[PDB]
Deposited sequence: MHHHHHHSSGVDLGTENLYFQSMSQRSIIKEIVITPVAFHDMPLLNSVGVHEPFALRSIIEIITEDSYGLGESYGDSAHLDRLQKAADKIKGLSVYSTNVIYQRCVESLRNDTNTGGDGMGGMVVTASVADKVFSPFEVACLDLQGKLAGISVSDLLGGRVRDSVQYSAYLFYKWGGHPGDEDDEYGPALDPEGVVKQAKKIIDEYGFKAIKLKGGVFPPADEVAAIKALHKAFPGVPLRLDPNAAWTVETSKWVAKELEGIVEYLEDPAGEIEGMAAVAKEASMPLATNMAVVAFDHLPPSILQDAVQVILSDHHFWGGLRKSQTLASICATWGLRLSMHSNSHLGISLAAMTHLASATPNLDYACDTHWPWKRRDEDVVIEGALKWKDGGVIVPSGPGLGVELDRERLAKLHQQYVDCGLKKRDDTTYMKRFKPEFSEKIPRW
């Protein structure tokens, strides 16, 4: 009665702060170029009378402008009013014809869901804090006490041109990839391995996967060339890697390309390109194009919408994994809670954590622990992380200082290899 009435006021959104940040990144290679020296993100803080909630999203300027515009319309709403919040996000894009934020490797996701996602995450953080429960409980309760991640391998230069080598140094052949994988697994203990391909000819990447299978027997392996192959090349790669990889991710482009490959491939095909929005589900399912969908709450519309995708997957007999872009602790907490409370999210989740400096983040240290290749589900109310305001300002200052305004792997590569082509497929 009096509890329900204060709860109505305690749950009203008074203010939203959107803060761009930048953190050091290494020269990781991929199908469209090479990572720039800084990765960008947006940090969303929803502020109520006496509390706040956090979300995290992309850092490019077009996206920040979209977030700010949505945020102006969301103020005054309850953190429980996710239906109307989503409507305001859609409304705010009404006149937006106005880039991925993901290097141009994930171009067809719903903009409204991308814009909605971090508000939805911050709202659930706030719903947890208000009720004194964890976000994983909001999502049906954890079915596992930690969430397993994969070791995400890249070919890479030894350092950014002109600077000294980073602590990993180069990986340009099977031997370098194995050495990277050992360093990473020795630190984290991941129990699954993924290699980012579309960088060398398929024959060479097949060789790195085989070299990894030999060096890490019985550890599930994945290969992701981000649609750098023709259908025939993809069929050849899948033949070579029969019995050797857990799944082959986005070998060829489009639902149609994937479906033609899936017909011959013995391993399941996974995707975060051909299926990246609810609208993509009907045609993919009709064509039996993909067998595993990598969820990503940052572009599927937040934690609850990701659960919906998970249920659609269970209903239609598809499997579910998790996609990552370079990210910080708010995203890691949300990925973990989501995965802990999603029964059929059984494959290990991708993360870029090993690529990020151990001392760069925006959350108070100590809430996110690794153990045996997994993050232990945070135990306090909400996401279980708090905002480190000194560290936010620091990473915001890096943002200001580095002058990067959008992610651009392709332009950065072309500064050193002006002949480089990012078009796919390529082999």
item	value
Deposited-sequence ranges lacking C-alpha coordinates, in sequence order	1 to 16, 115 to 116
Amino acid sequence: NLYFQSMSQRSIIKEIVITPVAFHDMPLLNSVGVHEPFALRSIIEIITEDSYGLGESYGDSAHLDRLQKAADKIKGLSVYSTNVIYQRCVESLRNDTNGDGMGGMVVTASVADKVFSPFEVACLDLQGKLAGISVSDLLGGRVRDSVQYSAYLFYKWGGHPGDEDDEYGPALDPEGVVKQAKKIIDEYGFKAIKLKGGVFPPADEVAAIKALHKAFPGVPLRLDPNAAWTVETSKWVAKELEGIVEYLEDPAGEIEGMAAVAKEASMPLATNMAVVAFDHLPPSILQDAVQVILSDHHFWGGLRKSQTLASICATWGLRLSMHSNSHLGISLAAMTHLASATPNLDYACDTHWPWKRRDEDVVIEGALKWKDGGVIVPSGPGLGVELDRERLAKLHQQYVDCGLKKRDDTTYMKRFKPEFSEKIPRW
From here on, numbers count along this sequence of modelled residues.
| query | finding |
| --- | --- |
| 189 to 197 set against 157 to 165, stretch whose average Cα temperature factor tops the other in the entry | 157 to 165 |
| Selected stretch [higher average CA B-factor]: 4 to 12 or 416 to 424 | 4 to 12 |
| Which of 298, 327, 305, 179 ranks first by CA B-factor in the deposited coordinates | 179 |
| From 225, 217, 118, 253, residue of greatest CA B-factor | 217 |
| Ranked against its chain, the third holding the CA B-factor of residue 63 | lowest |
| Modelled-residue ranking by C-alpha temperature factor, third containing residue 364 | highest |
| Within-chain third of residue 48 by Cα B-factor, per the entry | middle |
| Third of the chain, ranked by Cα B-factor, where residue 21 sits | lowest |
| Where the record places residue 128 (Cα B-factor, split into thirds across the chain) | middle |
